[PDB]
Amino acid sequence: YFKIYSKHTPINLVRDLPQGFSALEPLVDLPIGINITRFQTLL
Amino acid sequence: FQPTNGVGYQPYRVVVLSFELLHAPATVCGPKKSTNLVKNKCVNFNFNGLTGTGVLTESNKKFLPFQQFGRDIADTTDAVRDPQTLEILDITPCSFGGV
Amino acid sequence: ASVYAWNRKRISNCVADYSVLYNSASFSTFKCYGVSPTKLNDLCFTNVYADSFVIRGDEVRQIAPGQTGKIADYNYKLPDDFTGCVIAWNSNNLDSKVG
Amino acid sequence: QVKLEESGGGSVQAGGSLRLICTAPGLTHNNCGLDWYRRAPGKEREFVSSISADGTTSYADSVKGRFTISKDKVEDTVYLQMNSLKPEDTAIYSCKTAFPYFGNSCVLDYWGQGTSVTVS
Amino acid sequence: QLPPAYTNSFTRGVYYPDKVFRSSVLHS
Ligand SMILES: *[C@@H]1O[C@H](CO)[C@@H](O[C@@H]2O[C@H](CO)[C@@H](O)[C@H](O)[C@H]2NC(C)=O)[C@H](O)[C@H]1NC(C)=O
Ligand SMILES: *[C@@H]1O[C@H](CO)[C@@H](O[C@@H]2O[C@H](CO)[C@@H](O)[C@H](O)[C@H]2NC(C)=O)[C@H](O)[C@H]1NC(C)=O
Ligand SMILES: *[C@@H]1O[C@H](CO)[C@@H](O)[C@H](O)[C@H]1NC(C)=O
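As documented in the archive entry, the model was determined using cryo-EM at 2.9 Å resolution.

Below is the structure:
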């Protein structure tokens, strides 16, 4: 299975990660069954 | 194939259902039939493979939209969400004692 | 579809209402080798393949594991230990046109 | 001297499958084809199927499309392959074949005892 | 063409490990 958890939040801050705590609800599970060792973003 | 051909020579459609079971999560499944709901009586329940015995009552705990059942300080099941009506039921043990 | 090029269809990630066809009782030849049809609607499989082909009334018994045939030699052959179901509707009415 | 015999019958569900076994140990030399009739309490023997010495097949109007009369490739054992039997097909089936005369290997006839078939 | 940059994830990336409800408790 391939599991994806996620979360959204509003920020007003630049160029750095904010210091905070927030959990990540599960979002999806997809039952593919493929070996994965690499990935890449798209933008 | 003639329109009025004999049975020993008539056309015949055919479909073969070929089964595949690889090393992966299963995808094609048979339907699962559900019984009815009973409350306020010591009954034998099974919610999505979660099996047990006890008394099912209504509650006021509020799960989160993705949660399925509750648990206790001793890590024992005490609440459950019904798959269909989407309500919260408490589980209480079936009465027992000494004489 | 044509007998020369039988048509294969892939079924995955759903539920098989096999009872909707086990309750037909108006069919020509339905035999599942590998699993009793009683539990056919009560199983989980990775993938299903529907292979559609057309045969003759005499060729209906040809397509099986171990039974040969002209189309069986040419169009397709079953494996030595096939695990699947064969269904055949031997209807001249709609499978063949007038003339 | 019984030259036609029927066996292998029984009871089947509706929507189920069955197979019939009729023995004609002298059918090849007759060259006068084999039949299947069926009799019901209060009913006259009406033909179920008819397979001639060439292999062309006719069937009872209630059974055609599903009943398939067929001969074994070797050791002729003319079976009747059917599926999804209906409760009406229950009857005393039989086979009928004509057997040699002084010069005719045909219409001079002999009937078979029959297979009792029950579709429930 | 620039060199890679790094930074510090203070307390981030905690996800509900499973679909169970607990109330006012400390799990491990
Ligand atoms: C599961 O299916 C049942 C059957 O329809 C749903 O129950 C009905 O949902 C509708 C939604 O508008 C209500 O108006 C009815 O009062 C419900 N009860 C009936 C028809 O007896 C149920 O909502 C479904 N639940 C999920 C999670 O799909
Ligand atoms: C698709 O085929 C099914 C299977 O035959 C049809 O469902 C019924 O199946 C029974 C089985 O003997 C038939 O007697 C009925 O005539 C079929 N039809 C109905 C309405 O009951 C189904 O109708 C077919 N649908 C299409 C769109 O072809
Ligand atoms: C995944 O890796 C395992 C072992 O690392 C191997 O057995 C399997 O064949 C691989 N499958 C794929 C699709 O790469």
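**Q** Quick question: what am I supposed to make of the environment of D:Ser70 here?
**A** All names here are of chain D. Here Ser 70 lies in strand β7 (residues 68-70). Put simply, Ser 70 and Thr 28 are 42 residues apart on the chain and 14 Å apart in space, counted from C-alpha to C-alpha. Residues in contact with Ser 70, not counting those within four places in the same chain, are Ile 51, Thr 77, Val 78 and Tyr 79.

**Q** What is the right way to look at the pairing of strand β3 (residues 43-47) of chain B in this model?
**A** The side chains of a regular strand alternate between the sheet's two faces. All names here are of chain B. Pairing of β3 with strand β4 (residues 50-58), which is carried by five bridges, proceeds in the antiparallel orientation. Following the sheet pairing, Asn 44 is matched in β4 by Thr 53. The hairpin formed by β3 and β4 contains two residues between the paired strands, and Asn 48 there has a positive phi angle of roughly 50°.

**Q** Got a minute to help me understand the sheet that holds strand β4 (residues 44-45) of chain C in this structure?
**A** The pairing of strands in a sheet comes from backbone hydrogen bonds and takes either a parallel or an antiparallel form. Strand order in the open sheet formed by three strands is β2(C)-β2(B)-β4(C), with mixed pairing between adjacent strands. The open sheet has two free edges, formed respectively by β2 (14-15) and β4 of chain C, since each of these has just one partner strand. Both strand β2 (residues 28-29) of chain B and β2(C) contribute to a ladder of two bridges, which runs parallel. In the sheet register, B:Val28 faces β2(C), and the bridge partner there is C:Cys14.

**Q** Which parts of the structure should I look at to understand the sheet that holds strand β1 (residues 11-20) of chain B?
**A** In spatial order, the strands read β1(C)-β5(C)-β1(B)-β6(C)-β3(C); together these five strands make up an open sheet with antiparallel pairing. Looking at the sheet topology across the chains shown, the edges are occupied by β1 (7-11) and β3 (29-33) of chain C. Ignoring strand direction, the axes of neighbouring strands in this sheet form an average angle of 15°. Inspection of the sheet shows β3(C) paired to strand β6 (residues 84-89) of chain C by five bridges, in the antiparallel sense. Each residue of the ladder has a partner; that of C:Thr29, found in β6(C), is C:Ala88.

Calculation notes
Residues numbered from 1 in each chain as written, not as in the entry; some residues may be left out. Chains lettered and ligands numbered in written order. Part of a larger assembly, values for the part shown. Heavy atoms only, no water. Residues with missing side-chain atoms left out of burial classes, pairs and counts. Helix = DSSP H or I, 4+ residues; strand = E, 2+ residues; numbered from the N terminus. Contact = heavy atoms within 4.5 Å. Pairing = 2+ DSSP bridges. Axes fitted to C-alpha atoms, helices over the stretch in contact; angles between N-to-C directions.

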